[PDB]
Structure formats: C-alpha cells, structure tokens
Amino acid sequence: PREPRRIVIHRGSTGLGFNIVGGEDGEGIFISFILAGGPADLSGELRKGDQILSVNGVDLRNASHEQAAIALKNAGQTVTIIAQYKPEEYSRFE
C-alpha cells in the first residue's frame, strides 16, 4: 500500500478539475479524469487511480457516487482532499 496524502486545492470556474467513478458495490470513490490546467492537475499530486478517502473531513470510504459529488460541491472554495493512490484496485474496477 501507498501512504495517504493531503491535497489542498482551490475551486475555480470549472470546479475542482477532476471527475470521479465508483461509490457502489464496495468500490470506493476513484479519480477517473484530470482536466488539463485545472486545480487538481496543477496540484502535482492528484491522479487517476487515487481513491478519495475524505473531503474536508467527510468520510467517503463507503459513500455513494452522488454523496461524493455532493461532498465535493459543498466543500466550498478551499477543498482539502485525503487521497491514497490505489492503481491495482482502480484498474480492476474501471
């Protein structure tokens, strides 16, 4: 396993700049897309295959896709993500 990391990003006109999949059937919330030039991209940390463990302290390990999307939307202008790179699982699910 890879150590989890804290990433702080700031919302822009195109949101946080990533898309998510998962949140069903025991699959966690995974980053599936990084928008070029967006906040997630320019963090130098977030990447496809990261599992989002929490957003502003809200636990997303067992959350639904809609719950995660709502958590990201309601996180405000400054968004603190705990993420763990899990490429082996990501690939199995996606």
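From 1 onward, residues are counted along the sequence shown.
- In this entry, 58-66 has the higher mean Cα B-factor, the comparison being between 58-66 and 45-53.
- In the PDB entry, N19 places in the middle third of its chain by CA B-factor.
- Per the deposited record, the Cα B-factor of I34 falls in the middle third when ranked against the other modelled residues of its chain.
- Ranked against the other modelled residues of its chain, the C-alpha B-factor of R6 as given in the entry falls in the lowest third.
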